[PDB]
Amino acid sequence: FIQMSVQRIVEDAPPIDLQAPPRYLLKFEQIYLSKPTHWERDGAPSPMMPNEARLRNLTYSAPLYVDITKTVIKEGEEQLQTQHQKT
Amino acid sequence: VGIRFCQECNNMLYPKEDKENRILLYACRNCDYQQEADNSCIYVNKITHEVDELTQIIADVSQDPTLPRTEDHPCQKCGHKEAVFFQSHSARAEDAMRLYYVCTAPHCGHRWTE
Amino acid sequence: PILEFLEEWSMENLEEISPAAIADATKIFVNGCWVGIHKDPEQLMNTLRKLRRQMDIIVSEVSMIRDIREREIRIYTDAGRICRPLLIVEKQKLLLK
Amino acid sequence: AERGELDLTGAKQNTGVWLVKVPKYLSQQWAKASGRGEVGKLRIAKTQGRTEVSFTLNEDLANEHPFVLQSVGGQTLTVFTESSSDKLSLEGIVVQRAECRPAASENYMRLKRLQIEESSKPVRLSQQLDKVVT
Amino acid sequence: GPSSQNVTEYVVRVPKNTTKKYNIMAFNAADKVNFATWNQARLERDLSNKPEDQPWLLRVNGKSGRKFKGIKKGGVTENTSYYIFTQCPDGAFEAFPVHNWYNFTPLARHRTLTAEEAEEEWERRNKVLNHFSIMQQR
Amino acid sequence: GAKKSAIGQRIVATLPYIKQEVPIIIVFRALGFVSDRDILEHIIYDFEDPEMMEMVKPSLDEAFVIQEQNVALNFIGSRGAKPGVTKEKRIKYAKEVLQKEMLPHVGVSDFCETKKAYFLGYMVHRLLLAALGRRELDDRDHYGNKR
Amino acid sequence: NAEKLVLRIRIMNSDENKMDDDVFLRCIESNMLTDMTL
Ligand SMILES: [Zn+2]
Ligand SMILES: [Zn+2]
């Protein structure tokens with residue numbers, strides 16, 4: 001599920017098409033997972049051990065990131081393609 | 001029993017009678033087409049339906065490893081001693097215990113019942 | 001990989017056949033999709049079994065079922081199939097030595 | 001005579017053609033150069049009561065392909081072409097169908113495995129990330 | 001004679017490009033298609049959708065003759081290719097890849113019941129009398 | 001009934017996103033197979049079997065009126081969960097339903113109608129064998145039918 | 001005496017002399033098989 005299904009689900013999702021007339025497209029390509037992390041009150045990330053999750057009543061969860069490519073067309077024969085890596 | 005299809009639109013041909021000649025005619029629908037019937041039987045159903053199972057039996061079953069094999073019933077067509085026997089086990093029979101034999105010799109799909 | 005191999009071997013696609021040929025041949029199903037027909041089901045099963053046992057194109061969890069009476073070969077690759085390991089026997093002998 | 005008219009002259013001559021099914025690697029090698037005008041020779045051997053068809057790969061192209069015929073009585077096939085000048089024509093009628101098979105059995109799967117792996121390159125998988133994104 | 005042991009070998013040529021594309025036209029055996037009466041024919045894209053991604057419509061001998069509809073083969077030949085050998089005076093076989101595969105079937109011509117007319121018959125679909133007579137009235 | 005028991009037993013299809021079922025032959029008409037021989041070729045693979053041919057007779061009569069693909073598509077569209085405002089839109093809706101909603105595992109491409117006709121005919125063929133008693137009914141408890 | 005027992009049936013002469021001359025037999029044949037009681 002993590003290695004294949006999640007990536008396939010993101011890949012198989014249709015690109016988001018939006019029209020104003022400027023046109024906007026969003027395409028999600030690559031999926032990244034980090035190791036299970038816990039964020040302290042100060043906001044400092046740290047690896048979350050399963051025992052600490054059990055002791056502190058945390059959820060053993062891994063952050064999920066997706067590479068998103070955004071292309072915008074403003075009917076001015078110019079195309080701007082900006083990619084947000086690991087969203 | 002024979003099912004006939006139109007030669008123009010490849011649709012079903014249904015029986016029809018011409019009072020002018022009083023002869024069965026298989027006339028196409030929505031096609032103003034007619035054919036000369038020859039069987040003279042338009043419909044037949046067999047309630048007992050004593051349909052031979054040997055016709056239904058497929059010679060490929062001799063390759064099934066889960067079927068029992070007997071050397072005591074040699075094939076009549078070729079004389080091969082080995083044979084694969086089974087029961088029809090098909091609904092509408094109401095009594096399925098007799099054994100049908102299929103020759104195990106390759107290329108000889110002879111089927112028989114004792 | 002299963003479909004690519006089947007096309008390479010003497011399996012006729014459904015689109016490229018006349019319906020009159022389906023009577024004698026055995027239907028080939030992959031994950032419930034009728035891929036095509038094949039005129040030599042016995043040889044295909046021997047070849048399909050050989051590939052799985054060598055782990056060449058067919059993974060271990062791929063199940064190939066031939067219904068000899070129904071003239072159908074069903075190949076299943078999807079998930080959720082419960083299977084168990086069994087020792088292969090050839091000529092009344094264990095391949096395990 | 002019009003734009004949509006079909007040049008059915010090929011049908012009148014009853015020209016016969018052969019339909020052949022070949023793998024991708026054989027065509028891929030042809031597609032490599034695809035402009036030398038030569039990719040191999042088709043050899044047909046006939047006996048008193050048996051006919052066999054085989055194809056040989058060009059030596060330069062490489063740097064045996066037995067052919068099996070198939071019945072064509074179950075389906076009637078015709079070949080037609082559309083000209084770039086909007087002039088459709090019928091090349092002929094298929095009279096025989098053949099298929100190509102690999103001479104080798106064991107090492108041939110190795111080439112197929114590479115193709116399956118090669119076609120797996122676009123198959124994207126989730127990537128483990130050592131450090132959380134900041 | 002020589003035919004009992006004749007051996008024929010010809011060169012194979014694969015031109016890089018051709019002005020005219022090659023595609024397969026398939027007719028079902030039961031259709032009994034005959035080209036002797038095909039004095040004239042018309043092949044054009046359909047107008048029902050209203051181009052390169054639409055079915056092909058084939059008409060033979062105008063409206064009088066049979067009409068066939070061709071549909072592109074949905075199954076793609078990703079692992080397969082098709083080639084056609086055509087005799088040439090030079091004596092070398094020529095192979096052309098199959099750009100497309102089309103399946104053609106005859107279309108019957110007659111006073112087919114319209115959508116509006118079918119609505120009335122839907123009332124009597126369960127219970128209808130003299131199936132022959134329904135067409136006569138129309 | 002007088003004519004109810006004369007035709008026999010007819011086969012219908014319950015396609016997704018349709019409030020009420022439709023005759024089986026209609027679905028074949030929508031898929032692009034108009035003539036009876038073309039439809040029956042996808043259902044009965046051995047025309048020498050009179051038993052199978054009779055089982056489909058009532059189904060053919062039920063859909064006798066519909067004789068064109070567009071007529072069949074309109075009938076399917078008319079019974080859609082969201083009936084089209086006009087006849088043209090009904091055909092488009094029916095085409096979309098069969099294109100994606102019907103037997104999606106067979107295909108969703110615009111040129112997969114032939115593949116869907118074969119499998120749909122196989123579904124009918126399997127039904128006829130069960131009706132004729134040639135094949136045993138499937139067992140729900142059989143654990144190879146489970147996932 | 002004959003090994004096979006037969007019973008030929010035909011529609012009345014007065015009607016011969018409205019639904020259908022052919023389908024009506026099927027309706028009778030199906031009707032007589034089940035509805036009729038011996
Ligand atoms: Zn007709
Ligand atoms: Zn024998």
Side-chain angles (χ1 to χ4, degrees), chain B residues 2-16 18 24-37 42 53-55 57-64 67-86 99-114, chain C residues 42 68, chain E residues 28-34 60 63-69 105-113 130-138, chain F residues 25 28-29 33-41 47 53 56-57 60-61 63-69 71-72:
Chain B
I3 310 308
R4 285 85 184 279
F5 291 92
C6 166
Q7 288 166 50
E8 306 296 327
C9 57
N10 279 323
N11 272 288
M12 286 289 291
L13 294 192
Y14 297 83
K16 182 178 276 288
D18 54 350
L24 180 62
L25 291 177
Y26 279 116
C28 187
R29 305 217 182 108
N30 69 50
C31 197
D32 61 44
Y33 167 81
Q34 295 168 7
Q35 193 186 347
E36 199 74 57
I42 57 163
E53 296 278 307
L54 308 191
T55 63
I57 289 167
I58 280 150
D60 298 334
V61 301
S62 70
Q63 299 146 45
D64 195 2
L67 292 175
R69 307 174 141 65
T70 186
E71 301 274 328
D72 290 4
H73 299 251
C75 172
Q76 291 77 238
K77 259 196 205 160
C78 71
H80 199 261
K81 281 171 273 180
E82 206 176 11
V84 190
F85 64 89
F86 49 86
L99 291 177
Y100 305 95
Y101 299 75
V102 183
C103 178
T104 317
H107 315 320
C108 171
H110 182 36
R111 317 170 281 282
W112 71 92
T113 187
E114 304 279 10
Chain C
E42 195 176 3
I68 306 178
Chain E
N28 184 227
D31 294 329
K32 309 305 304 314
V33 297
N34 181 244
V60 179
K63 320 305 179 274
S64 60
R66 299 146 81 193
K67 281 190 208 74
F68 302 76
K69 183 185 298 205
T105 62
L107 281 74
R109 73 283 192 191
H110 50 271
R111 51 182 182 181
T112 59
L113 276 289
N130 205 357
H131 284 83
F132 294 103
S133 86
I134 199 170
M135 300 305 309
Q136 306 303 336
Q137 300 295 111
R138 186 62 267 161
Chain F
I25 297 290
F28 284 93
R29 298 281 170 71
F33 301 83
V34 169
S35 57
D36 288 5
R37 184 181 252 290
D38 293 328
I39 296 176
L40 270 70
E41 271 178 347
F47 276 135
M53 304 291 295
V56 290
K57 296 270 200 67
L60 293 168
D61 306 358
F64 167 80
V65 165
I66 295 88
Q67 189 46 238
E68 182 55 25
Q69 167 168 14
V71 177

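Both backbone and side-chain heavy atoms feed into the values below; hydrogens, waters and symmetry mates do not. Remember, it's 1-based here, ligands and their atoms both numbered in the order they're listed. So you know, we letter chains A, B, ... as the sequences are listed, proteins then strands, and number each from 1.
- B:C108 lies close to the Zn ion (ligand 2), since one of its N, O or S atoms is found at a distance under 2.8 Å.
- Within 6.0 Å of CZ in E:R138 there are 12 or fewer heavy atoms belonging to other residues, nucleotides or ligands.
- Annotation: cation-pi geometry satisfied between B:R29 and B:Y14 (NZ/CZ under 6.0 angstrom from ring centroid, within 45° of ring axis).
- A heavy-atom distance below 4.5 Å is found between the side chains of B:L67 and B:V61.
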**Message:** Using the rule given for side-chain hydrogen bond (donor to acceptor under 3.5 Å, both in side chains), can you reason through B:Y101 versus B:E114, listing the C-alpha separation, both sets of side-chain angles and the distance that settles it, and then say yes or no?
**Reply:** CA-CA 8 Å; B:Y101 299 75; B:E114 304 279 10; 5.1 Å; no

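- Not a single N/O/S atom of E:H110, whether from backbone or side chain, sits less than 2.8 Å from the Zn ion (ligand 1).
- Taking 2.8 Å as the criterion, B:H110 does not count as a coordinating residue of the Zn ion (ligand 2), since none of its N, O or S atoms falls below it.
- Of the angles at the Zn ion (ligand 2), the one spanning SG of B:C103 and SG of B:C78 is 110° when given to 10°.
- Side-chain rings of B:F5 and F:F47 approach one another, their centers coming within less than 6.0 Å.
- One finds an angle of 120° at the Zn ion (ligand 1) between SG on B:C28 and SG on B:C31, to the nearest 10 degrees.
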